[PDB]
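Undergrad: upload-v4.pdb (PDB, C-alpha atoms and all ligand atoms) pasted underneath:
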ATOM      1  CA  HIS A   4     187.952 230.565  89.633
ATOM      2  CA  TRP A   5     191.230 229.522  91.298
ATOM      3  CA  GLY A   6     191.925 225.917  92.284
ATOM      4  CA  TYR A   7     194.543 223.187  92.092
ATOM      5  CA  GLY A   8     194.285 222.101  88.436
ATOM      6  CA  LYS A   9     196.707 222.587  85.536
ATOM      7  CA  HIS A  10     194.789 225.636  84.376
ATOM      8  CA  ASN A  11     193.865 227.322  87.680
ATOM      9  CA  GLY A  12     196.525 226.066  90.105
ATOM     10  CA  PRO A  13     199.182 227.752  92.268
ATOM     11  CA  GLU A  14     201.232 228.924  89.247
ATOM     12  CA  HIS A  15     198.242 230.935  88.029
ATOM     13  CA  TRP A  16     197.135 232.560  91.288
ATOM     14  CA  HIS A  17     199.357 235.645  90.958
ATOM     15  CA  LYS A  18     197.271 236.949  88.039
ATOM     16  CA  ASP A  19     194.219 237.514  90.278
ATOM     17  CA  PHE A  20     196.191 237.760  93.554
ATOM     18  CA  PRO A  21     199.487 239.600  92.920
ATOM     19  CA  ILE A  22     200.465 239.192  96.611
ATOM     20  CA  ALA A  23     201.185 235.576  95.565
ATOM     21  CA  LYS A  24     204.691 236.892  94.759
ATOM     22  CA  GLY A  25     204.913 238.876  98.013
ATOM     23  CA  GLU A  26     207.513 239.159 100.744
ATOM     24  CA  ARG A  27     205.984 236.808 103.322
ATOM     25  CA  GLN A  28     204.204 234.019 101.444
ATOM     26  CA  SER A  29     203.411 230.544 102.787
ATOM     27  CA  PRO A  30     204.056 227.688 102.902
ATOM     28  CA  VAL A  31     207.859 227.409 103.066
ATOM     29  CA  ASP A  32     210.460 224.712 103.403
ATOM     30  CA  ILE A  33     211.682 224.446 106.989
ATOM     31  CA  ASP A  34     215.423 223.924 106.809
ATOM     32  CA  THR A  35     215.926 222.389 110.245
ATOM     33  CA  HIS A  36     219.636 223.118 110.369
ATOM     34  CA  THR A  37     219.181 226.856 109.562
ATOM     35  CA  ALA A  38     216.205 227.425 111.912
ATOM     36  CA  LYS A  39     217.488 229.009 115.097
ATOM     37  CA  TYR A  40     216.537 228.059 118.612
ATOM     38  CA  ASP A  41     214.987 231.081 120.311
ATOM     39  CA  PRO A  42     215.231 230.535 124.098
ATOM     40  CA  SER A  43     212.911 233.524 124.621
ATOM     41  CA  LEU A  44     209.989 231.725 122.900
ATOM     42  CA  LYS A  45     207.330 230.647 125.403
ATOM     43  CA  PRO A  46     205.661 227.240 125.540
ATOM     44  CA  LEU A  47     202.560 227.145 123.421
ATOM     45  CA  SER A  48     199.288 227.359 125.333
ATOM     46  CA  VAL A  49     196.595 225.336 123.567
ATOM     47  CA  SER A  50     193.345 225.700 125.521
ATOM     48  CA  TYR A  51     190.675 223.693 123.731
ATOM     49  CA  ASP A  52     188.671 222.307 126.702
ATOM     50  CA  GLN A  53     185.624 224.545 126.039
ATOM     51  CA  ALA A  54     185.638 224.186 122.235
ATOM     52  CA  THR A  55     182.263 224.217 120.487
ATOM     53  CA  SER A  56     182.395 222.663 117.032
ATOM     54  CA  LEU A  57     179.320 223.394 114.934
ATOM     55  CA  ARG A  58     179.465 222.220 111.355
ATOM     56  CA  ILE A  59     181.618 220.639 108.678
ATOM     57  CA  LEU A  60     181.615 222.161 105.183
ATOM     58  CA  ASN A  61     183.031 221.089 101.817
ATOM     59  CA  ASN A  62     183.973 224.481 100.354
ATOM     60  CA  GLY A  63     185.306 223.148  97.037
ATOM     61  CA  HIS A  64     188.962 223.472  98.110
ATOM     62  CA  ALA A  65     189.036 221.465 101.366
ATOM     63  CA  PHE A  66     186.612 220.743 104.216
ATOM     64  CA  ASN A  67     186.343 223.022 107.237
ATOM     65  CA  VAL A  68     185.281 222.016 110.710
ATOM     66  CA  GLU A  69     183.873 225.275 112.068
ATOM     67  CA  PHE A  70     183.732 226.450 115.670
ATOM     68  CA  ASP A  71     181.765 228.970 117.697
ATOM     69  CA  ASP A  72     184.241 231.865 117.931
ATOM     70  CA  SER A  73     181.829 234.358 119.546
ATOM     71  CA  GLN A  74     183.493 233.798 122.956
ATOM     72  CA  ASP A  75     186.907 232.737 124.264
ATOM     73  CA  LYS A  76     186.178 228.989 124.179
ATOM     74  CA  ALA A  77     189.082 227.441 122.288
ATOM     75  CA  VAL A  78     192.133 229.653 122.272
ATOM     76  CA  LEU A  79     195.792 229.656 121.397
ATOM     77  CA  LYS A  80     198.214 231.798 123.426
ATOM     78  CA  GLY A  81     201.907 231.894 124.284
ATOM     79  CA  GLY A  82     204.681 230.792 121.954
ATOM     80  CA  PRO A  83     205.515 233.690 119.624
ATOM     81  CA  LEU A  84     202.071 235.219 120.171
ATOM     82  CA  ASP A  85     201.029 238.387 121.913
ATOM     83  CA  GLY A  86     197.464 238.160 123.173
ATOM     84  CA  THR A  87     194.682 235.662 122.599
ATOM     85  CA  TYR A  88     193.793 233.907 119.361
ATOM     86  CA  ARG A  89     190.404 232.202 118.956
ATOM     87  CA  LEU A  90     189.898 228.984 117.043
ATOM     88  CA  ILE A  91     187.542 229.539 114.105
ATOM     89  CA  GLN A  92     188.036 226.412 111.960
ATOM     90  CA  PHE A  93     190.366 223.601 111.056
ATOM     91  CA  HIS A  94     190.977 221.929 107.711
ATOM     92  CA  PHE A  95     193.554 219.775 105.958
ATOM     93  CA  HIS A  96     195.602 219.692 102.767
ATOM     94  CA  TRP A  97     196.455 216.287 101.336
ATOM     95  CA  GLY A  98     197.824 214.428  98.347
ATOM     96  CA  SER A  99     196.782 211.882  95.775
ATOM     97  CA  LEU A 100     199.682 209.688  97.006
ATOM     98  CA  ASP A 101     201.213 209.196 100.462
ATOM     99  CA  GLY A 102     204.484 210.843  99.319
ATOM    100  CA  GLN A 103     202.939 214.307  98.917
ATOM    101  CA  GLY A 104     200.181 216.455 100.390
ATOM    102  CA  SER A 105     201.717 218.759 102.993
ATOM    103  CA  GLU A 106     202.184 222.461 102.317
ATOM    104  CA  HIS A 107     205.151 223.036 104.592
ATOM    105  CA  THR A 108     208.080 220.721 104.063
ATOM    106  CA  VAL A 109     210.865 219.761 106.462
ATOM    107  CA  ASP A 110     214.315 219.588 104.859
ATOM    108  CA  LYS A 111     212.361 219.196 101.598
ATOM    109  CA  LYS A 112     210.362 216.214 102.976
ATOM    110  CA  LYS A 113     206.662 216.246 102.061
ATOM    111  CA  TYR A 114     204.213 214.616 104.459
ATOM    112  CA  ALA A 115     200.994 212.888 103.370
ATOM    113  CA  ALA A 116     198.848 215.731 104.688
ATOM    114  CA  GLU A 117     198.835 218.825 106.883
ATOM    115  CA  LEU A 118     196.263 219.999 109.431
ATOM    116  CA  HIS A 119     195.666 223.726 109.883
ATOM    117  CA  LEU A 120     193.973 224.980 113.045
ATOM    118  CA  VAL A 121     193.087 228.580 112.228
ATOM    119  CA  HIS A 122     192.854 231.228 114.951
ATOM    120  CA  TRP A 123     192.255 235.002 114.894
ATOM    121  CA  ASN A 124     193.609 237.685 117.191
ATOM    122  CA  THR A 125     190.830 238.833 119.531
ATOM    123  CA  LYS A 127     192.137 242.415 119.574
ATOM    124  CA  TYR A 128     190.730 242.791 116.042
ATOM    125  CA  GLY A 129     187.165 241.803 116.932
ATOM    126  CA  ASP A 130     186.442 239.374 114.098
ATOM    127  CA  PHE A 131     188.118 237.227 111.474
ATOM    128  CA  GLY A 132     187.461 239.663 108.606
ATOM    129  CA  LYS A 133     189.234 242.514 110.374
ATOM    130  CA  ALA A 134     192.030 240.204 111.560
ATOM    131  CA  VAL A 135     193.053 239.139 108.036
ATOM    132  CA  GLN A 136     193.782 242.817 107.308
ATOM    133  CA  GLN A 137     196.520 242.828 109.984
ATOM    134  CA  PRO A 138     200.092 241.479 109.862
ATOM    135  CA  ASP A 139     199.489 239.714 113.201
ATOM    136  CA  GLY A 140     195.809 238.933 112.617
ATOM    137  CA  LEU A 141     195.933 235.121 112.480
ATOM    138  CA  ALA A 142     197.810 232.266 114.074
ATOM    139  CA  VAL A 143     197.692 228.974 112.228
ATOM    140  CA  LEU A 144     198.811 225.868 114.036
ATOM    141  CA  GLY A 145     200.124 223.404 111.439
ATOM    142  CA  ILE A 146     200.450 219.695 112.152
ATOM    143  CA  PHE A 147     201.925 217.150 109.752
ATOM    144  CA  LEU A 148     200.206 213.831 109.047
ATOM    145  CA  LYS A 149     202.078 210.668 108.128
ATOM    146  CA  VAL A 150     200.527 207.324 107.189
ATOM    147  CA  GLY A 151     200.921 204.570 109.795
ATOM    148  CA  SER A 152     198.684 203.790 112.760
ATOM    149  CA  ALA A 153     195.156 205.240 112.830
ATOM    150  CA  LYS A 154     194.448 208.483 114.708
ATOM    151  CA  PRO A 155     191.430 207.620 116.857
ATOM    152  CA  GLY A 156     190.496 211.295 117.300
ATOM    153  CA  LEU A 157     190.275 211.731 113.531
ATOM    154  CA  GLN A 158     187.742 208.971 112.893
ATOM    155  CA  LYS A 159     184.647 211.093 113.630
ATOM    156  CA  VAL A 160     185.785 213.479 110.890
ATOM    157  CA  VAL A 161     186.541 210.632 108.452
ATOM    158  CA  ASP A 162     183.126 209.071 108.939
ATOM    159  CA  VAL A 163     181.092 212.196 108.164
ATOM    160  CA  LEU A 164     182.872 212.885 104.848
ATOM    161  CA  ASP A 165     180.421 210.791 102.781
ATOM    162  CA  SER A 166     177.718 213.309 103.758
ATOM    163  CA  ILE A 167     179.740 216.271 102.416
ATOM    164  CA  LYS A 168     181.126 214.673  99.270
ATOM    165  CA  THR A 169     180.633 217.658  96.982
ATOM    166  CA  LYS A 170     181.229 221.416  97.002
ATOM    167  CA  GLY A 171     178.698 223.384  99.054
ATOM    168  CA  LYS A 172     177.524 220.463 101.215
ATOM    169  CA  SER A 173     177.575 220.859 104.998
ATOM    170  CA  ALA A 174     176.597 218.673 107.950
ATOM    171  CA  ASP A 175     176.071 219.203 111.673
ATOM    172  CA  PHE A 176     179.316 218.502 113.492
ATOM    173  CA  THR A 177     178.852 219.283 117.167
ATOM    174  CA  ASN A 178     180.802 218.007 120.173
ATOM    175  CA  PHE A 179     184.016 217.305 118.292
ATOM    176  CA  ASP A 180     187.139 217.619 120.448
ATOM    177  CA  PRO A 181     190.105 218.995 118.469
ATOM    178  CA  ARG A 182     192.492 217.934 121.273
ATOM    179  CA  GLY A 183     192.282 214.453 119.736
ATOM    180  CA  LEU A 184     194.194 215.743 116.695
ATOM    181  CA  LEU A 185     197.309 216.902 118.571
ATOM    182  CA  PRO A 186     200.638 215.052 118.856
ATOM    183  CA  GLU A 187     202.286 214.503 122.256
ATOM    184  CA  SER A 188     204.875 217.283 121.910
ATOM    185  CA  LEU A 189     204.175 220.958 121.319
ATOM    186  CA  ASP A 190     207.739 221.686 120.064
ATOM    187  CA  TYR A 191     207.393 224.013 117.079
ATOM    188  CA  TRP A 192     208.934 226.196 114.405
ATOM    189  CA  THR A 193     207.504 229.665 113.820
ATOM    190  CA  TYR A 194     207.762 232.342 111.109
ATOM    191  CA  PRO A 195     205.644 235.202 109.672
ATOM    192  CA  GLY A 196     203.665 234.213 106.588
ATOM    193  CA  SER A 197     200.389 234.176 104.725
ATOM    194  CA  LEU A 198     197.214 232.327 103.914
ATOM    195  CA  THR A 199     198.189 229.466 101.627
ATOM    196  CA  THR A 200     195.089 229.893  99.442
ATOM    197  CA  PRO A 201     193.727 233.010  97.730
ATOM    198  CA  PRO A 202     193.456 235.735  98.858
ATOM    199  CA  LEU A 203     196.993 234.845 100.133
ATOM    200  CA  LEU A 204     196.875 237.645 102.701
ATOM    201  CA  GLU A 205     200.054 238.238 104.679
ATOM    202  CA  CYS A 206     198.374 238.077 108.060
ATOM    203  CA  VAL A 207     199.549 234.782 109.594
ATOM    204  CA  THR A 208     201.929 233.859 112.370
ATOM    205  CA  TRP A 209     202.717 230.256 111.456
ATOM    206  CA  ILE A 210     203.338 227.758 114.239
ATOM    207  CA  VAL A 211     204.295 224.378 112.800
ATOM    208  CA  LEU A 212     204.649 221.418 115.160
ATOM    209  CA  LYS A 213     207.753 219.276 114.825
ATOM    210  CA  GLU A 214     206.013 216.016 115.765
ATOM    211  CA  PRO A 215     203.655 214.628 113.096
ATOM    212  CA  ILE A 216     200.508 212.714 113.924
ATOM    213  CA  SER A 217     199.981 209.266 112.395
ATOM    214  CA  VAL A 218     196.782 208.461 110.514
ATOM    215  CA  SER A 219     195.908 205.188 108.809
ATOM    216  CA  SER A 220     195.917 204.513 105.085
ATOM    217  CA  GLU A 221     192.143 203.949 105.329
ATOM    218  CA  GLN A 222     191.673 207.374 106.940
ATOM    219  CA  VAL A 223     193.535 209.286 104.212
ATOM    220  CA  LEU A 224     191.911 207.197 101.475
ATOM    221  CA  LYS A 225     188.599 208.600 102.693
ATOM    222  CA  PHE A 226     189.902 212.194 102.374
ATOM    223  CA  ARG A 227     190.683 211.279  98.750
ATOM    224  CA  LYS A 228     187.059 210.292  98.013
ATOM    225  CA  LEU A 229     185.868 213.880  98.459
ATOM    226  CA  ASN A 230     185.061 215.957  95.368
ATOM    227  CA  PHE A 231     186.147 219.457  94.282
ATOM    228  CA  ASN A 232     183.009 219.652  92.131
ATOM    229  CA  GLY A 233     179.399 220.282  93.100
ATOM    230  CA  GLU A 234     176.672 217.618  92.998
ATOM    231  CA  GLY A 235     175.600 216.832  89.419
ATOM    232  CA  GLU A 236     178.925 218.041  88.012
ATOM    233  CA  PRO A 237     181.770 215.977  86.500
ATOM    234  CA  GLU A 238     183.619 214.181  89.318
ATOM    235  CA  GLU A 239     187.006 215.591  90.180
ATOM    236  CA  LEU A 240     188.562 214.002  93.230
ATOM    237  CA  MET A 241     189.617 216.405  95.948
ATOM    238  CA  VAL A 242     193.323 215.503  96.056
ATOM    239  CA  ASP A 243     196.553 217.545  95.883
ATOM    240  CA  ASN A 244     194.918 220.624  97.367
ATOM    241  CA  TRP A 245     198.307 221.932  98.575
ATOM    242  CA  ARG A 246     200.374 224.945  97.588
ATOM    243  CA  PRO A 247     204.102 224.202  97.150
ATOM    244  CA  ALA A 248     206.852 225.895  99.188
ATOM    245  CA  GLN A 249     207.399 229.580  98.464
ATOM    246  CA  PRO A 250     210.612 231.646  98.687
ATOM    247  CA  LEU A 251     211.667 232.388 102.253
ATOM    248  CA  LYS A 252     213.006 235.844 101.267
ATOM    249  CA  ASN A 253     213.852 238.090 104.235
ATOM    250  CA  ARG A 254     212.622 235.760 106.968
ATOM    251  CA  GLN A 255     214.045 233.645 109.719
ATOM    252  CA  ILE A 256     212.393 230.525 111.008
ATOM    253  CA  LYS A 257     212.711 230.176 114.788
ATOM    254  CA  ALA A 258     212.609 226.939 116.768
ATOM    255  CA  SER A 259     211.117 226.501 120.237
ATOM    256  CA  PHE A 260     213.475 223.600 120.942
ATOM    257  CA  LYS A 261     217.164 222.686 120.753
TER     258      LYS A 261
HETATM  259  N1  LIG B 301     195.533 227.253 104.529
HETATM  260  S1  LIG B 301     195.465 228.462 105.579
HETATM  261  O1  LIG B 301     196.532 229.399 105.365
HETATM  262  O2  LIG B 301     195.378 227.944 106.918
HETATM  263  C1  LIG B 301     194.084 229.323 105.334
HETATM  264  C2  LIG B 301     193.668 229.738 104.054
HETATM  265  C3  LIG B 301     192.487 230.463 103.849
HETATM  266  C4  LIG B 301     191.630 230.840 104.886
HETATM  267  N2  LIG B 301     190.469 231.524 104.684
HETATM  268  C5  LIG B 301     190.108 232.159 103.567
HETATM  269  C6  LIG B 301     188.826 232.656 103.834
HETATM  270  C7  LIG B 301     187.932 233.469 102.923
HETATM  271  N3  LIG B 301     187.427 234.625 103.641
HETATM  272  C8  LIG B 301     188.117 235.764 103.687
HETATM  273  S2  LIG B 301     189.548 235.789 103.045
HETATM  274  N4  LIG B 301     187.581 236.842 104.266
HETATM  275  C9  LIG B 301     187.939 238.131 104.005
HETATM  276  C10 LIG B 301     187.826 239.067 105.026
HETATM  277  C11 LIG B 301     188.180 240.396 104.804
HETATM  278  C12 LIG B 301     188.650 240.809 103.556
HETATM  279  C13 LIG B 301     188.999 242.252 103.372
HETATM  280  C14 LIG B 301     187.912 243.277 103.292
HETATM  281  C15 LIG B 301     186.572 242.891 103.381
HETATM  282  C16 LIG B 301     185.557 243.841 103.305
HETATM  283  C17 LIG B 301     185.882 245.187 103.139
HETATM  284  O3  LIG B 301     184.890 246.119 103.063
HETATM  285  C18 LIG B 301     187.218 245.579 103.048
HETATM  286  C19 LIG B 301     188.238 244.631 103.126
HETATM  287  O4  LIG B 301     189.543 245.060 103.031
HETATM  288  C20 LIG B 301     190.618 244.206 103.091
HETATM  289  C21 LIG B 301     191.917 244.694 102.993
HETATM  290  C22 LIG B 301     192.997 243.811 103.058
HETATM  291  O5  LIG B 301     194.166 244.248 102.971
HETATM  292  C23 LIG B 301     192.791 242.439 103.226
HETATM  293  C24 LIG B 301     191.508 241.900 103.327
HETATM  294  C25 LIG B 301     190.402 242.742 103.267
HETATM  295  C26 LIG B 301     188.760 239.881 102.522
HETATM  296  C27 LIG B 301     189.256 240.280 101.160
HETATM  297  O6  LIG B 301     188.607 241.115 100.492
HETATM  298  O7  LIG B 301     190.307 239.762 100.722
HETATM  299  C28 LIG B 301     188.403 238.550 102.749
HETATM  300  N5  LIG B 301     188.471 232.287 105.085
HETATM  301  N6  LIG B 301     189.502 231.541 105.675
HETATM  302  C29 LIG B 301     192.056 230.407 106.153
HETATM  303  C30 LIG B 301     193.232 229.678 106.394
HETATM  304 ZN    ZN B 302     195.345 225.435 105.139
END
Please lay out the structure from this file as structure tokens.
TA:
Amino acid sequence: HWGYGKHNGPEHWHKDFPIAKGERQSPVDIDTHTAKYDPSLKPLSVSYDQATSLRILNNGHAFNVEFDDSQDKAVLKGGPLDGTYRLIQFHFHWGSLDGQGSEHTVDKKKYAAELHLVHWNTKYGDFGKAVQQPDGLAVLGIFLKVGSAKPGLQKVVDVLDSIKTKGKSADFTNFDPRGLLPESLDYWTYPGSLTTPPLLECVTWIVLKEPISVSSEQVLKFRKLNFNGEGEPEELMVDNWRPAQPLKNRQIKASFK
């Protein structure tokens, strides 16, 4: 039903998902001058050494690299978080042009794409329960800008031809998500939501200040994916991003001065 077209895009979502106009919606613009340094915020703990990737899926909205989340194998802790959050999947949002594609913006700047590493709070037992809680998920967001290639992204780029259309999946074992991280773990954080329907207000957002660089050839391959299923009219999977939503009664905190 919902998507990113003129007739089913972000401006329409509220009709089926009234929380779209809620009090803690994502993404948002990060006004860097208004964000306040919070000296009490802990360093982020990204522990991905035991990660078990399984599969890559074109779900018609993006592609997800899925992980075994039946044990503490790849976890996010520290920062603004209380407890342990398990990595379940990552995906990206990207544009049709290098000048757009990110969901979060920084002083109104749009990046070419944005990576979301999605984690759920163990305390809640599984992902489905976690999305029903205001602190159920932690999403680590990383901006992508076009420049030098990201070597750790290439394995993802090269499998995309095998999942061109909605509903296609491929084996995707032994992928190391540490190869997608920038050098610095400096971040902004705020309480928000899923950025796609059902738009549930269950996410602690942690957005890294340092973007990663990917090559023009790498993002061009993202843009060859299809929203449609096999044997349907081709619609390129591009501009699968929700624009910035009102900040309302929220403060964005910075881990760094
Ligand atoms: N871009 S992003 O922000 O990083 C992002 C965006 C979307 C997802 N995403 C979206 C999905 C789709 N799967 C979902 S939403 N699962 C799910 C799980 C539980 C419920 C749910 C219930 C499920 C079963 C049930 O018996 C009762 C339920 O009661 C609820 C009450 C709530 O307040 C909220 C959610 C539920 C629902 C849902 O119905 O929305 C959907 N999976 N991952 C992940 C990350
Ligand atoms: Zn996302």
Undergrad: Given a cut-off of 10 Å, what residues near ligand ZN 302 (chain B) show up using all atoms listed in the file, put as a list in words?
TA: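 Selection of residues at most 10 Å from ligand ZN 302 (chain B): residues 29, 30, 64, 65, 66, 67, 93, 94, 95, 96, 97, 105, 106, 117, 118, 119, 120, 121, 143, 144, 145, 198, 199, 200, 244, 245 and 246 of chain A.
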Undergrad: Using only C-alpha atoms, find the one residue out of A:56, A:208, A:178, A:158 that sits nearest to residue 138 of chain A.
TA: A:208
Undergrad: Between A:21, A:135, A:125, A:109, single out the one closest to residue 205 of chain A, counting all atoms listed in the file.
TA: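 For residue 205 of chain A, the nearest of the candidates is A:135.
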Undergrad: Just want the 9 Å neighbourhood of residue 147 of chain A, counted on only C-alpha atoms, with same-chain residues fewer than 3 positions away dropped. Output as an MDAnalysis selection string.
TA: chainID A and resid 105 107 114:118 211:217
Undergrad: Compile the contact shell of residue 259 of chain A as number ranges by chain: residues with an atom at most 7 Å away, counting only C-alpha atoms, same-chain residues fewer than 2 positions apart removed.
TA: A: 40-42, 44, 190-192, 257
Undergrad: Quick check, in Å to one decimal: how far apart do atom CA of residue 258 of chain A and atom CA of residue 195 of chain A lie?
TA: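 It comes out at 12.9 Å.
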Undergrad: Written as a list in words, which residues does the PyMOL selection byres (((chain A and resi 122) around 9) and not hetatm) give for the file shown?
TA: residues 78, 79, 88, 89, 90, 91, 92, 93, 120, 121, 123, 124, 131, 140, 141, 142, 143 and 144 of chain A
Undergrad: Can I get the selection written as a tab-separated table (two decimals), in the frame of the given file, with C-alpha atoms?
TA:
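What follows is the written file out_21.tsv:
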chain	number	residue	atom	x	y	z
A	78	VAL	CA	192.13	229.65	122.27
A	79	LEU	CA	195.79	229.66	121.40
A	88	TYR	CA	193.79	233.91	119.36
A	89	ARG	CA	190.40	232.20	118.96
A	90	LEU	CA	189.90	228.98	117.04
A	91	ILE	CA	187.54	229.54	114.10
A	92	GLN	CA	188.04	226.41	111.96
A	93	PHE	CA	190.37	223.60	111.06
A	120	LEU	CA	193.97	224.98	113.04
A	121	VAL	CA	193.09	228.58	112.23
A	123	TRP	CA	192.26	235.00	114.89
A	124	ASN	CA	193.61	237.68	117.19
A	131	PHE	CA	188.12	237.23	111.47
A	140	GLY	CA	195.81	238.93	112.62
A	141	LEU	CA	195.93	235.12	112.48
A	142	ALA	CA	197.81	232.27	114.07
A	143	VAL	CA	197.69	228.97	112.23
A	144	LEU	CA	198.81	225.87	114.04
Undergrad: Write out as a CSV table (one decimal) with C-alpha atoms, in the frame of the given file the residues lying within 8 Å of residue 152 of chain A, counting all atoms listed in the file and excluding same-chain residues fewer than 2 positions away.
TA:
chain,number,residue,atom,x,y,z
A,150,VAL,CA,200.5,207.3,107.2
A,154,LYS,CA,194.4,208.5,114.7
A,217,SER,CA,200.0,209.3,112.4
A,218,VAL,CA,196.8,208.5,110.5
A,219,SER,CA,195.9,205.2,108.8
